[PDB]
Structure formats: structure tokens, C-alpha cells
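Undergrad: below: the sequence, then the experimentally determined structure.
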Amino acid sequence: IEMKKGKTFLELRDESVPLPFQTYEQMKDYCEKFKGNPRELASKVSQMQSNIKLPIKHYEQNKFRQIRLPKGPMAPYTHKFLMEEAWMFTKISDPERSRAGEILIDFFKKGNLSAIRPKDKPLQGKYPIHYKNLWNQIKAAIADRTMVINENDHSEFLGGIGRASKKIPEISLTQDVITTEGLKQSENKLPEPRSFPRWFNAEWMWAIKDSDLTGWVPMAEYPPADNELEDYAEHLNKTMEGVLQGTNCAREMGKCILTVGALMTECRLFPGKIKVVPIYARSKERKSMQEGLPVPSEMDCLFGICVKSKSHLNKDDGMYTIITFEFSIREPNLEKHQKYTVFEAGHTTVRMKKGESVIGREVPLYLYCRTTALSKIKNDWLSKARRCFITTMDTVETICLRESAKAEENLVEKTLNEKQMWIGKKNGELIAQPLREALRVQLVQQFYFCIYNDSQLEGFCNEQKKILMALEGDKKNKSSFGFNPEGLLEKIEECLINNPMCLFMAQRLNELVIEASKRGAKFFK
Amino acid sequence: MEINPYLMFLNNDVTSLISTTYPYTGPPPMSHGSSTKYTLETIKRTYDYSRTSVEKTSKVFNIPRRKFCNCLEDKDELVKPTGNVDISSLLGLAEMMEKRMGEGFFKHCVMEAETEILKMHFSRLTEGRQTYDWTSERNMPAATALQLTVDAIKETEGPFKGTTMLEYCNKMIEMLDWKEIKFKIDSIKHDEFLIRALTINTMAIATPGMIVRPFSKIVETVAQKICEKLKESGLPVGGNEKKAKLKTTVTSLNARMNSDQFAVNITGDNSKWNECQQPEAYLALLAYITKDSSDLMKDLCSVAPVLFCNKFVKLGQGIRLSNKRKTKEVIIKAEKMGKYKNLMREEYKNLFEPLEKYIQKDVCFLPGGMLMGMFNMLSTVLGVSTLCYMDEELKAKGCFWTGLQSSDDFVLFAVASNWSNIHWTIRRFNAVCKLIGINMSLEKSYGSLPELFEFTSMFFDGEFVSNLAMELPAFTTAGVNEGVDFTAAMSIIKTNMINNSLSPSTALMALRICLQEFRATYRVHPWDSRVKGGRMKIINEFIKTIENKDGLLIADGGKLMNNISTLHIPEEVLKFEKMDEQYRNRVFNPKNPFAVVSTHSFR
Amino acid sequence: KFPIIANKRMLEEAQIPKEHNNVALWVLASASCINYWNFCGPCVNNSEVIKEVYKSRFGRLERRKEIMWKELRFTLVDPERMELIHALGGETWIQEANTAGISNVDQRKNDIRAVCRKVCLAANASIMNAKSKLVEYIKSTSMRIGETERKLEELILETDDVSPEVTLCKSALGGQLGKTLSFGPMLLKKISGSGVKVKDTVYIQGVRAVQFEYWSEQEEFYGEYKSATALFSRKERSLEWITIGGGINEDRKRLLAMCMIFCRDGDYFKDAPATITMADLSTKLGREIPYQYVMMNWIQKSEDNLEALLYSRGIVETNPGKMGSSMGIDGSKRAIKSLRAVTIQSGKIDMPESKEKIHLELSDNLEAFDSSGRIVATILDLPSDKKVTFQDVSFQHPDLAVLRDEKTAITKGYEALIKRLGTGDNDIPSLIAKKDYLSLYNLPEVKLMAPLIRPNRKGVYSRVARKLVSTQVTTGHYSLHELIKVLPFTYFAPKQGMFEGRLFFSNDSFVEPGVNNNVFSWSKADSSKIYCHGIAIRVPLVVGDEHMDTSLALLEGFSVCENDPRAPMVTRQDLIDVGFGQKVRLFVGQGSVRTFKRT
């Protein structure tokens, strides 16, 4: 028995071999009889150690430096929807009409949408007429009880503005044709570099706040229990869900979930067609106007509408396009709102408590228009937003066992209610809150990671780890040593082009090392 | 006020909060498109890391063959990655490792791998991530291309009745010499079939065909049988065993040296671990290994190496043209880019002319390197050989080293009695590593005192070993059945808990999330819910006919009953005695038109 | 649409019609077909075959069912189980679940020490009757210790387990000691030397001053902490030398800090931190505290305090040949730089034994004294009061336990409401049949439960409850369950306001009609039971129809009616502007909708 040999294989084997050997047999004999001469090997490695000129540092005599950010205009808003400047109409939830096609029609019946009549001239925008005619067509379609749009003039345009052209076969090509058309390779456009955003902090603060309504995110049930572990597991989960569900970030999470759940189905059952889809969310309880306690209130909310272009999700890496019509009661700013075309759509009403009754105060109303693309992978990534709860729950639990083990007793409630965590600086002084209140910051961080996910963020997060470990070593009086820090600084500065988060987690990393210098000796000023 | 999320690292550790730095696991939305630009840059950097200029025209293709092994030149600027290997030092390190472990070590391992292969069925090759068809010229699972190959063999020269790996390999060999080959209909000649078999496609993770697959599997089996006996080999498994290895190493170290020495750790990250591994050195190493064994294995292990010494690389989608206003856009393939080089930009031109020699029709005859994520075990073995080095020059100075190495990530532990000899030892180690192509990065490799380091996302510290390899399932991409995907997820979560990457509350949250993902996937909901979906319609009427709602299945308006202590137990086994006998027998009816064998399968 | 494949004869032989209810189901087929097959299809009896084939899985299930779950505990490191190690023990936690072995001694030790701690704490409520109240608590506390119903006057003596609480409680019994000490959670012991007490001062904020005491002579001791041994010598308010043989970071750090306080070494015994000035309270609610225990408490707050204390101890650069026996700021075994007068090593320091028993004397603050002062124990070295459920226990003397909580208060109120029924005149059914509801608004039990009510908006709750009660009584349609649920609110006067759908107590809890809740729940087919936090209570009567009529227990001026989807959904507020003959849907709970009509 043996592997019967061919010919071409043997020729290759005898060909592909090291330099001094030209046949498999010579190399084989040299190998099977190789003997050890550690002296020549030591001389060779010493010679290499001579020609090599490795640089080794200690971070003390040659410290790090602050990062040099790009320069230019501010980084604009990037997410698809609106978080802080949003607005929503409300209505009662019917389990018999719990679908987008029905919820949208119901919202339209009372005629609050038909009252939305944006004027011709906008405040800041590019293609206002297309958006306006498209909004009229959307209202017409909803009136017809069909979400479809027959005419394809505006959607087609706004979907083709990115790229649309003819194509000539290579076989029909000559030199005179080329010289006539001036054909040349298609110069790739490299993304431009932006400055530090001055609105991230406001959005973060707003997200940390508590929403009037609650129950934005749906969850499964809780199985039975058979011992103290599962009970204690149930206890932590309930409290943590107690705190995070009431936050404005949960609202955006539920909105993304319920909107993507409809878009992923529309791109499946009506491909190559133009459909209409709402931007809605569902709540289950609020807080009394007379009492700060929860109250059952099942309700639906509509933030805006999203139109769909032709989407097959089997070509062009499954790229498709949409168009957003969101509502707002806050005039825009020119910097943050650059990709948005804005209008003024009449007025609306706001409702607030007045003693033991409710009143209504009329306010203006704005309409935010924007175009953007998506894909199948982005849908699968957004639909799975809940996993953010998994990570925040996990960071809460690492802090409630480590301590519980140092003292060898249950300290869960004690640490949650007492353990203070630095959150920020106000008036040149630190601010601290309990863990029960920093869960919000952790969750918002994870969410923003889930939104602005991109290669830039991957590199940033993969690189900052080294700085963090160096800092930790500094704290505990350990002579951390490296080889080329400036190269790492460059690796990190090259992946800061235009991802709002990456630019604003860099400015914030700079500021962690300017405060620690007061107790560390490995960083410049 | 200003919210700076990072100020919690001051009065706390890092092993507890580092997880907050990286996003959650899942399929990334980055989706980088392997296209002509990146592949050509890769090939260029490959030919460049070869510090030689020698060549030898072949006789099977009439093409040069850059032989970058044992011909080192251009010593200048050796800091950057190198690929020229020295066989003498390689075999010397192999001999050191053999002496350490034992004499009949390689022999025992190769014998075990052989005997294991003998009783193996070629059908095993169907278990693979993906491959590249040599007939349709596309990428597909292993089973599809395997069926294609066998039916082509049938159509051309009769069926393959071996039903074993060895007959499959010999059939491939014989086919290498066939002049004409058919397939559903069209045929091809010898040279074209050879090329196709030696073709590779970028998925730029490689995606080889099926001819070389079994030999690669054999070599990997051998390398695995070897890596098990090695203490410093964290590749085959991770977690509990990995921590055991870590602590064993650390304790042996602490008990080894004396009071006068002071240790140091280093977090290293090999750069270009795929563009500096050469199959020629692997071939010589395998030869030295099997030197004393059945010639069968001697010849077998020498197959995949040469198959990788000659590997045509499929260039991605060709470039596109356009006029000024972009109203017209032409599309051309790769094979014709040499026909319009006068138009492409310089950066794209200077990256194309020097390689035109190696192009044949649309591919590039890469004579070496190792792009696939293959031979990882073998590379790890080579690294362990690097770490098992020791001589008298060190002993005289009272210094040495040790550590652990993954595929392309490692951790070093140096020992000395002075704050300078450590530098000498580090430089010695880097030199011996570069002698055989194994390089190291400088902007991503750091070091500090022994207490702190990192390895495969497991950030070790004086205590509080923290993991970050939290995996999860995915139903939409891999939909199988409504009675397996939940049990598999439960087992996965159990595993993750074993590796300490998950905690009780975290596991429960992940479970309640995966349940909802499952339901939304198969479009199912409970009965309490006021849903109006198709599958619910019938369930909204045939539900009152039962009382054991607890026993109901999740796929049929059921509710959860499993928990942490009941994961290994499928919900079925947990509801059997509880399901109303009617529904029970209605499910377990083998007389139906269609792990636990349910009446819930989607063939 | 029909991706799932199937067989053909298998389909007709089962008589599976397509579009049964507009669902095609299908060779190919849909997924709903499986639903239709498992809900209406052939019936087999193959359970035994399935079990036999899957014996391994079902034996694993059986084994799992054969477990006696035990407690869990947070701690660190100083086949049939491999199937469950994932859920048995991690690294920070572990569960002591057992299979067949039973031995109840160490759990008994934990229980007895916990209760001793408890009682010794309970005696810390006066200033003069400490020993008296203590001993009387002891004599009034019995236990079903293990399996024997023993008293807590002999276990403290029969047991041999050194501890601050055991000693602190046994000294009052003139019991034998073992010459052991307790400075906080740490355990100390003397080896050689001796001295006398001496006083000195220490400033706070840089202006004030406070007196503490110490020893001036040389004396060696044997410290000991969790997984950490040590040896050291104290001399003149300062630590001369010290050695350690237990290798752990946190344990060594805390043990060293405690031994330093025991030696009062450091400058913070000259001045004080700026954190102490925040309080300057070396005092309890009405008692005094030394400086050492205040410093300790300041340590327990954060490890930064520990690091500051250790920095107060001189840090220097280690010389060669000493790395193996050096130390670091974070407990690192060896380091280029270490702390002054330190020595690390491996192997736990063998602890000596003293075979000389003695008896101490308690003080006003219960501090025990053997001789030459040398306090051996006190309450100051105890943890804060930690509520823990005690079982197998009897505690009779007052101060035994508060046993008073809002939950228990509500439970007792509802028990009284239920018993009041009493199947007799001048009780719930007689007033019902008589249609005298006003008297219900004056009963004693509602007056006892009134304090548990939210005061700010009790008028509206009473109004609504008095509406429901009258509307259910007059008509004769009612349900004792919902009545008793809402009665405690029918005491105060009615007022105008906005109601939401929930009745809130003062403990932030609530109750809601027409639904069930942990505090109060019930269901038909078991109407003779009423759950209260899972505690099933009984009804002194029997009913089969008095409860079946809940058409008026949901809303105030409405009545349930037949379901009708056409009716529009509404809220609880717009109800005021409805008319008659106008049906309306409305949520009565979570995803629970019902139709209502006025009157």
C-alpha cells in the first residue's frame, strides 16, 4: 500500500525546493541527517542582533503626547433618525390593528397629517421640490389605503443621484472612441477630514434623562426558579431593567427595532417596488402627572415616515435606499444639520399638566427631510440592539461579585446604592453618581457603538487598549516599556476622518490623560 | 457639564471595564469588498518582504519563480518584515524541541495521525466553511463542490467507488495527469484543469478548491496531534484549559528562578503572519519529521506544501472606466487590465507592471507565502520551536526566556538579574525569530512587569482574569429547524459560561434575547399575545383544546421553562411528561410526512 | 412560500386539507402545516421507544431532578458534576449543592455565630443595662439547632470556635477563653514582650486635638487575615519589622494596613486626613469611638484610602538579592521598588497555640479585659447590622425582633377583613344582603389599615372605592374578592380629582381592580383562596356565584358587555364625556382588552 504517484506532481516537487537543493532527494538527505552546531547558530543570531537596531523605551524618559486632531468644519449628524430634536404624535394601541399599514392609516384618519403642508421655500436644503412632491404623493397613497407609489420620478432621481450612467462593452471599444470620449480610470474619492463635534455632550445628557413614557423595548418572560442563584439572577435583572427601560435611549432602540422589523419584510415581499413605512414605537406605561409613580398605559407613537426604493438584496452587496420625513419642534443649526433639508409645516400642540386638568399650548412644527442608504447587514445589526442590554448588564455584574467576594457576603444593594463612580467634570471639578445611575451612561455608550459601527471605530477601540494598559501599569508603579509610541499615535490619528463617535472618543481620551497627569508620570501636557 | 465616559478607569481596574471598549459580538456592517486594488497590494508586499532577486524559469508554465528561501539579500532595514527562511536554524530548533520532548515523539504523533486517517471517510471533507468550485468558478460550501467533482469524474471516466480518503487523493493525483476532463456540458484540457485546481479566490481570506483540501486536513491533523503535548500551545482549545496553562506556566516560572533575578512580560502581536510563512520550510520540516516512519506519510505530507508553492491567485473584479461627467462607464475584467495600462492612474500602474510577468490569463502565479487561515497549527508549532531555544551564551549571563504562542499572537517571559541584560535577551529573541520570517510589530507590541499582560482577549492580571470572547448564534444566516437552533444556543451559552465569558444574569439576559430572536425568525409568538399572523390563526383556534400550556412548545405558542441549571436539558425532555398526551403523541408520530427527533423539521 | 419539502402519501393518509382556514400548507409545504399536523392529526403511542433511545438525555434529566439545591457564596481561590460545573461553581461565586452526602455542623456554626452577632448587637441599645439585657436575651433565645431543640446558654460554651462574638457573649457567662484577640475582622495573638498603656494626641483639621492610647515597649504578635499569615513587632507607636507567608494581593494589603493601625505607625496618627475633618465624629449615635476604628472605617470606604495609608509608610528602592522577598504597593510579590521593613515569602506561617484558659470582665461598652488592659473583643470590631432570616429559632423577650413592616401590616389588615365575615349577623354577608354599605365605611379594620394609605390623594381613592362598593351592593352583583381588595380605602372622605387606575399605599406599592398582583391575587376554580405575596389564605365561607359577577368591579359607572371590535379604544379620562348605549373598548391590564357600556 502506498500513494501511487503521478508525473506532474513529482516534477513540481523536484522544482519547488530551497536554493542550494534542486531535487527532493538532496533536501531529504540533508534534513534526515541534519546535526546540531549551536556555535554557528549563536554567531548567526549575534550577527543579526548587530545588523538589527530595535528601539526600546520606558514611557518615563520619553512620554506620550496629546493627539493632533484634524482641522476643518464640524462633524455633522450621521444617524438615520433623530434622537433629541424628535417629536411624535400619539394614539391608543389596538391589538386588532397592531401593524404598520394599519397604524399609519389610523394616524392619518384624524387628519393631523393632512394639515402638514410644507411651504415651498425651505431654510436649508438641496432638492426641496422633490421632497415636497414626494410627501404629497405619500399622503395621496395613504388616502388610497395602499402604501404603494406608482409614479417613479422623484424616488428614481434621489436614488440615482449617487450613481447612474450607461455602460459600453469592452468589445465595442477602440482607440478613436477612447480619444473621443476622454475615457480614463475612475478616480476614487477619499472621504474628507472633519473637526470635533460640539453637540455630542448634549445628546448624551438628553439620553441619560428619564422618558415620560416607558416600555419602549419588549422583552421575553422569566422562567421558573429552583435555587438562590436564579432568584438572585432574577433580582438583579429586574432592578437593572427597572432603571434602563425608563431612559430616552430605550425609545430610540425600540424605534430602530420596530422600523427595521418592517423594512426587512418590505425588502422581502415587495422588492423592486416603492413602499411606504412608518417610524413608530410602542409604549406600555407612563408616570402620573400627579404622582411620580408608574401607571399602565398602552400607546403607539409616530416619529415620521421612511420611503423605500427598489431593493433586491442580492446585487451590489445588497445596497438599497430610503428617504426620511421626520417631525420636530426645534429649528435646526447649520453645522449639525447639513445632510438635512428642512421645511416649516404649520403648527401643532403640546400638552402639559395644569393642577388637576390638562391644557394645550400651540407651537410651530418643522419637517426634516433626508436621504440615505442601507443594506441587509445593517438591518441584521440594528435589529439586534437588545444585546446592548446584555453588555450593560454584564458590566454591572462584574462590579457586584468582585466586591462580594472580597468581603464574602452579598453586597449587591450596598454597592448599587453607595459605590460612587466618576462621570464627568463640572466647573473644573469631578462629578460622581451611584452605579444605579451610571448604568445609563454605559448603555448609551454601547448603543452609540452599535450605531456608528465602522472600520474606523474598530481600529480606535483596538488601539486605545494599549494606552489603557499603559495607564494601569503607571498607576501601580510598573516600568512600562515600548518600542515606538509615535507610530501608534499615527495609527490612531489616521483612522479619525468623519465618524462622529471616533472624533469624540479621541477628544475624551486626551482629557483622561490630562487629569491623570496629576498622579501619573507618562504623559505630556 | 461635560460627560467624559472614561473617568471610571482611575479608581477601578481595567480587567473589569475593558469590555465596554469594544462593541458587542455579531456580523460587522463594514463589509470590505475584495477587489483588484487590495489583492495586488498584498502580492506586492509579499514579493517585497522577500529580500532577494533570484529567479528560475519553470518548465510546466514557462514562467519565472521567485525563490525566496535560503537566499537572503538586502540586509538593510531589517526592522521591517522579512520572509527569507534558513533551513539550518529551522532544523536545529526542531532538533532542540525533539530532544526536549523526546525521541519517538514525532514518530508517535505521525503514527496516531495516520491510523486516525485510515479509518476516515472522504465524506468528512464536506465539513468546511467554504471552498472554490473549479468548474463553475465560484465559491460554495464543501458538499456542493464535492458532488460536482464526483459527478464530473463519473461523466468523464466512470464513478469513484473508493469511499475513502486515500482513494480520493489518488484519484485526484491521477486526474492531474488526465488530458481531457468532462463536466455538465463541456470539457477541458490538462493545463487548464491544473490551473483551476491550483486556483484560489479571495472571500482577503483565501478560499482554496477541493483537490488540496484532504492533504491540508491531514497536515493539520498531524500538527494538532503535536500541539496537544506542548505546554505552550493555546490554539487547539481555550478558556478553562487556557487559564490552567497560564497559571501552570507562571507558577513553574516563579518556582524556577532565584531571588536575585527579576522577571518581565511582553504582549506581542506578529504582523503579516500570512505574508511571511513559506510552504518550502514547512515541506523541509515535515520531511525532517517523518524521516523515520512509513514512506507513505513521507510522500503524503509533501503534497499540500508543493501545492501551495504553486498557487494561482484569482484577481478580483476588474477596474471600471468613466468619462469626465461620468455619463458613461465601461467595465473591464482583470485579464485585460494589461491592455489598457496606459489609462490607469500611476499608483494603480506602478502596482501592475512589475507583476505582469507572473500573470498568465487573469491570475498571478504566487510561488509562496501563506494567505489562507490554514497551517495555523503548524505555524504555532514553529513558534513553540522558537520559544524552546536555549544556548550557553545565555546561561553564562544567567538569563533565559519562555512564554506562550497562539497562531499569530504570543506572550513572552524574559528572565535576568539586570535592567540591561533583559534588552539583550529581547534582541536575541527577535533576531532568532526574524531568521525564519517570524516578525513582530512595534506599534502594537508592548511589555511591562510580570503582573499584567494580554493573550487572545483574555486580559490576565494579578487576579480577576477577564475574558472577552463572548460568542452568540445567528438564526437568519443559518436556519435549520425549529427544534435544534434553540438547543444549540442553550449549549453555546453553557459553553460560554464554562469559559467564564458569561455570568448568571448575563446568561439569562442572553437567553431571553435569543428566545425572542428565534420567535421573530420563525414568525411565532405565544398565545397570550394578541397577534394576527398566519401561523397564529390556527393556533388562535386549536389552543383551547389543551390545558398543559406549560408543556406546549415554543414553536407552538409555548412558554419557556428551562433555566441556568436546565440548559443541557432540551425543552422537549423537560415538557414530555407535561404535554397533554394528545399533543404529545401528535408530535412524536413517526408516521408523519417529515438533538431530539420532533415533528418540527424543515427539510 | 412552501420551502419545506414533504412526502405525498404521508399527506393524504393523514387527510391534510389545503387552505383549511386560508392557509395553503402545500412535494413542498409551508411551516404552518406542522402546526396543523400536531394539532389535528394521527395519534401514536411511541413514548417508551423515544425514552429508551434517548436514555442518556433522560437519565441526565433524572439526575438533575435528583439534586438538593443549597446556598451560594461569593469568594475566590484561597463526570456527573462536569455535566453541570458551569452552573455549580464559577470563580467569584460557588454553590454548595450536594447529591447524597449530608452533615449539618458547619452550617450550624455559621448560624450560631450569626445569631450571637445579632444578639450582642441587640444589647447595644442602652448605656447601663448592657449585660442585663444581653443575658436576658440569651436566656430568652432558644433554637432548633441542627436536629435538637437546644437553648443558647450552653452552645456558646460547648462550642470551640474562636470569634469576637463568641467571646463577647461568653465572657458574661464566665466562660473559658483561649488567649486570642480580635482587632476588627483580623485575628491577632501575642508571642513575646509586654508593655503598658500610654496616651498621646492627634490633630484634626490642623487645629483641634484628640487623645488615643498605645504601648511604648517592644512586643511581638502573630497577625492573621483571610488566607494571609504574618509576624511582626511593634515598638513605640511604630512598626519595626514584619514578615508575611500568605501570598495574595488584597489579603496582604488589608492585613498589613490592619497591623499598621494596631501599631499606630504613620503620620495620620499625628494629623488626620481631610476626609475625617468632613465628620470629626469619633462617636456613635450617642457613644464614643476611638481613632483606630474611625481610621478603619475610613479604609473600608475605598481602596484609595488603603493606598494612601501605605504611601504614608515609607517606600524605597529594593536592593539586589531582595526582590524574592520584597513587596509592592499592589501586593506584588517582587518589584524593583518596595516598602520599608517588609518581607514576603511562601508557605503559611505556622500559628502557635495557647493552652491557658482565662476569664475576662465586661465594661459599660461591653469591652472585655483579661489583664493589663489588652482588650480582647468589643462590638466596635463587628459588621454593621445585617438583617438575615433566622429559622430553627425562638426569641421571646421584647426587642427579639421588630416584626413590623408595611407588607405585614397590609397582610394583617386583609386577614382581619377576611375573618370579619364570620358567617353571622353584623358581618360582611349580612350587611350585603341588607344593602347597608355605609356601615362598611366605618368598620374598625379599615380604620386600622388607613395609615397604610397614600395621604396626598386618599380622597379620590376613597371616592372610587365607595362608588364601586355601592354600585355592586345596590344592584346585588358583586364579588367579595374585589370588594375586600378596595375596602381599606373606603374610610376617608371623597373628593374630586384625577384617577389613573391604581390605588397606591404609603410604601410606594399599589393595588388595582379587575387584575391580580403579588400583594393580592385570586382566580376562579380556587375562589376559596386569596394569595398575598404567594401566601395562600382561606375564606371562612364558601361561594360559587357571589364572585362570578365582576361586571361592576372593573370600572365605576360602567358594566362589561359582549365583545365588539368596532367599538373604539379609549382611556380612563375621556370616559367622563361618554353617553349611553355607546360601547367602548378599553385595556383592563397587560394586553387585556374588554368592552364596556355605561350604567
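TA: Yep, it's here. Numbers count the residues shown, from 1 in each chain, chains lettered A, B, ... in the order given.

Undergrad: do a quick rundown of the strands in the stretch 351-500 of chain B.
TA: Taking DSSP state E, counting those that start in this stretch as the test, the strands found in the stretch 351-500 of chain B are B:363-366, B:400-405, B:409-415, B:446-448.

Undergrad: how close does the residue of the stretch 201-350 of chain A found nearest chain B sit to chain C?
TA: Of all residues in the stretch 201-350 of chain A, residue A:220 sits closest to chain B, at 4.0 Å by Cβ to the nearest Cβ. For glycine as for every other residue, the C-beta is placed from the backbone atoms N, C-alpha and C. Residue A:220 sits 14 Å away from chain C, going by Cβ to the nearest Cβ, to the nearest Å.

Undergrad: what residue is smack in the middle of the chain?
TA: Let's take chain A. Nearest to the geometric centre of chain A sits residue A:451, at 1.3 Å (Cα atoms, centre = their mean).

Undergrad: switch to chain B, that's the one I care about
TA: Central residue of chain B (Cα atoms, centre = their mean): residue B:373, 4.5 Å from the mean position.

Undergrad: and for chain C, the residue most distant from the center?
TA: Most distant residue from the mean C-alpha position of chain C: residue C:9, 61.7 Å away (Cα atoms, centre = their mean).

Undergrad: what are the phi and psi angles of that one?
TA: Reported as degrees, to the nearest 10, the phi and psi values for residue C:9 are phi -60, psi -40.

Undergrad: ok, residue B:468 next?
TA: Torsion angles, degrees, to the nearest 10, at residue B:468: phi -140, psi 10.

Undergrad: which strand or helix spans residue C:73?
TA: In the assignment (DSSP states H and E), residue C:73 maps to strand C:72-74.

Undergrad: just give me the longest helix of chain B.
TA: For chain B, the helix with the greatest residue count under DSSP state H is helix B:504-522.

Undergrad: starting at the chain centroid, how far to that one?
TA: 28 Å (Cα atoms, centre = their mean, to the nearest Å).

Undergrad: can you tell me the SS state at the residue of the stretch 201-350 of chain A closest to chain B?
TA: Three-state assignment for residue A:220 (DSSP: H, G, I helix; E, B strand; the rest coil): coil.

Undergrad: dump the residue contacts of it.
TA: By Cβ atoms under 8 Å, 6 or more residues apart in numbering or on different chains, the contact set of residue A:220 is B:512, B:513, B:515, B:516, B:560.

Undergrad: now it. Nearest residue, chain neighbours left out?
TA: In space, and not counting its chain neighbours, residue A:220 is closest to residue B:512: 4.0 Å by Cβ to Cβ, 6 or more residues apart in numbering or on different chains.

Undergrad: residue A:326 should be in a strand, yeah?
TA: Yes - under three-state DSSP, residue A:326 sits within a strand.

Undergrad: tell me, how many residues neighbour it?
TA: Residues near residue A:326, counting by other Cβ atoms under 10 Å in any protein chain shown, number 22.

Undergrad: right, and it touches residue A:83 too?
TA: No - applying Cβ atoms under 8 Å, one finds residue A:326 not in contact with residue A:83, separated by 10.7 Å.

Undergrad: residue B:84 against residue B:66, yeah?
TA: No - using Cβ under 8 Å, residue B:84 is not in contact with residue B:66, being 10.9 Å away.

Undergrad: common neighbours of these two, please.
TA: With Cβ under 8 Å, 6+ apart as the test, residue B:84 and residue B:66 both reach B:50, B:52.
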